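Colleague: Please find the sequence and an experimentally derived structure below.
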Number of protein chains: 2
Amino acid sequence: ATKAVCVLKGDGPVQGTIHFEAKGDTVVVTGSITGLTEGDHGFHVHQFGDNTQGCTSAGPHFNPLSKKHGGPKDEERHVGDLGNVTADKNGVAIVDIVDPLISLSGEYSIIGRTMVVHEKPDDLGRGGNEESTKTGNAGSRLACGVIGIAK
Amino acid sequence: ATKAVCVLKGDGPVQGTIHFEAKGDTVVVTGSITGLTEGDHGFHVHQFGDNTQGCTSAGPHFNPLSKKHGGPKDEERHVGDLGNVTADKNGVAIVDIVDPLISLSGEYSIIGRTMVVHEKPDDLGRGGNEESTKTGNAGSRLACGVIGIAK
Ligand SMILES: [Cu+2]
Ligand SMILES: [Cu+2]
Ligand SMILES: [Zn+2]
Ligand SMILES: [Zn+2]
């Protein structure tokens, strides 16, 4: 697929539609998430597209290369590290990311995996603690969805 | 990619969890669906893992070989044609299917696509009207979910 889509849903007020498009050796991510508290929220691709137990069953951050948690710009990051999405006072976050590590095909494709938007911001592996270089301290999983093939 | 899972959700009471496992050269599908009316219900893999408009956006049945709709045992069928699941009087349908066309990797992969359970029985393409050759007259989509990679 050169195109993918993900519908984020959770137990609370957070929902959103995320679009993915392959361009060169990058994936352009677009869309929006509504119902968010003003400010930043971690935005990551988790390993499994398993929603049997809410967003918890999605597992760890997609990390096929076995590296530590970082920000999208860092060389030392998990493939699923897409940084933070920023919500305005109205609680809407317009997503716009161009990532060079995630892919929509091949060994480490993200199709069939889970997109997760977190409760708190992602400190990009710079919080100092140990929960910083594993998840970036983004908190619980507000909404999530399995990444699917799009027309 | 040897295991996959799908959580079926809809506007109504129908829900269920479907499991997929690559065993040998085939794919074993198991699980259960609840909240169904007693009797048969179409059970298919639709082309897109797009839930932006409910089960509607999933598109037509997955059909990479460009064939007409049929039953799972027919030569002429869509790759996504898994026939009917049968609900007992308590509204529970136990899924136990092994299928020769679907796969969890490559050209026939259903990872990232949508599993749908229909309101009415699939006539296995033998209804005699044009609709039979497309959807088996299975009708509306009661519940669906994107097929994701499982641990
Ligand atoms: Cu995360
Ligand atoms: Cu169908
Ligand atoms: Zn990470
Ligand atoms: Zn069909």
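Modeller: Right, received. Where do you want to start? Residues are numbered from 1 along each chain as shown, chains lettered A, B, ... in the order given. Ligands and ions are numbered 1, 2, ... in the order given.
Colleague: quick one, what contacts the residue sitting nearest the centre point of chain A?
Modeller: With distances taken as Cα atoms, centre = their mean, residue A:44 lies nearest the centre of chain A, 2.3 Å away. Neighbour list for residue A:44: A:61-62, A:78, A:80-82, A:115-116, A:118, A:122, A:138 [criterion: Cβ atoms under 8 Å, 6 or more residues apart in numbering or on different chains]. Where you see a C-beta, it was placed from the backbone N, CA and C, and this is true even at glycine.
Colleague: and if we set it to 7 Å?
Modeller: A:61, A:80-82, A:116 (Cβ atoms under 7 Å, 6 or more residues apart in numbering or on different chains).
Colleague: and what of residue A:141?
Modeller: Counted by Cβ under 7 Å, 6+ apart, residue A:141 has contacts A:55-56, A:116, A:118.
Colleague: Okay, and the beta partners of it?
Modeller: residue A:118 (DSSP bridges).
Colleague: Chain A: helices as residue ranges?
Modeller: Applying DSSP state H to chain A gives no helices.
Colleague: Contact distance from chain B - what residues of chain A qualify?
Modeller: Residues of chain A found near chain B (Cβ under 7 Å from any Cβ of the partner chain) are A:1, A:5, A:7, A:17, A:48-52, A:59, A:111-114, A:146-151.
Colleague: still on that earlier bit, for beta bridges, what are the partners of the residue nearest to the centre of chain A?
Modeller: residue A:81, residue A:116.
Colleague: and the nearest residue to residue A:17 once chain neighbours are set aside, what are its bridge partners?
Modeller: With Cβ to Cβ, 6 or more residues apart in numbering or on different chains as the criterion, residue A:17 has its nearest non-adjacent residue at 4.9 Å, and that residue is residue A:31. Beta-bridge pairing for residue A:31 (DSSP bridges): residue A:18, residue A:95.
Colleague: Residue A:71 against residue A:126, yeah?
Modeller: No: the pair residue A:71 / residue A:126 is not scored as a contact, 8.1 Å apart, by Cβ atoms under 7 Å.
Colleague: more crowded one of these two?
Modeller: residue A:71 (17 against 13; other Cβ atoms under 10 Å in any protein chain shown).
Colleague: What sits closest to the more buried one if chain neighbours are left out?
Modeller: Leaving aside its chain neighbours, residue A:71 sits nearest to residue A:124 (3.6 Å; criterion: Cβ to Cβ, 6+ apart).
Colleague: and what of residue A:11?
Modeller: residue A:54 (6.8 Å).
Colleague: Show me what the one you found bridges to in the sheet.
Modeller: residue A:52.
Colleague: how many neighbours does it have?
Modeller: Residue A:54 has 15 neighbouring residues, counting by other Cβ under 10 Å.
Colleague: Next, count neighbours for the closest residue to residue A:92 other than its chain neighbours.
Modeller: Nearest non-adjacent residue to residue A:92, counting by Cβ to Cβ, 6+ apart: residue A:34, 5.0 Å away. Look at residue A:34: counted by other Cβ under 10 Å, it has 16 neighbours.
Colleague: Which of the contacts of residue A:44 sits closest to residue B:27?
Modeller: Nearest to residue B:27 among the contacts of residue A:44: residue A:80, at 26.4 Å, using Cβ to Cβ.
Colleague: Now for that closest one, how many residues are close by?
Modeller: 25.
Colleague: contacting residues around the closest residue to residue A:136 other than its chain neighbours?
Modeller: Nearest residue to residue A:136, sequence neighbours excluded (Cβ to Cβ, 6+ apart): residue A:122, at 3.8 Å. By Cβ under 7 Å, 6+ apart, the contact set of residue A:122 is A:42, A:83-84, A:136, A:138.
Colleague: what's the residue lying closest to residue A:72 once chain neighbours are set aside in contact with, if anything?
Modeller: Take residue A:72 and drop its neighbours on the chain: the residue closest to it by Cβ to Cβ, 6+ apart is residue A:83, 4.5 Å away. Counting by Cβ under 7 Å, 6+ apart, residue A:83 touches A:43, A:71-72, A:122.
Colleague: Adding distance to ligand 4, write those out as CSV.
Modeller: Output for the contacts of residue A:83, formatted as CSV (distance: Cβ to the ion, whole Å):
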residue, distance to ligand 4
A:43, 36
A:71, 45
A:72, 40
A:122, 42
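Colleague: Tell me the one of those residues nearest chain B?
Modeller: residue A:43 (18.1 Å; Cβ to the nearest Cβ).
Colleague: how near is that closest one to residue B:98?
Modeller: Computed as Cβ to Cβ, to the nearest Å, the residue A:43 to residue B:98 distance reads 38 Å.
Colleague: Kindly report the same for residue A:80.
Modeller: Distance from residue A:80 to residue B:98, by Cβ to Cβ: 33 Å.
Colleague: cool, and residue A:68?
Modeller: Residue A:68 sits 42 Å away from residue B:98, taking Cβ to Cβ as the criterion.
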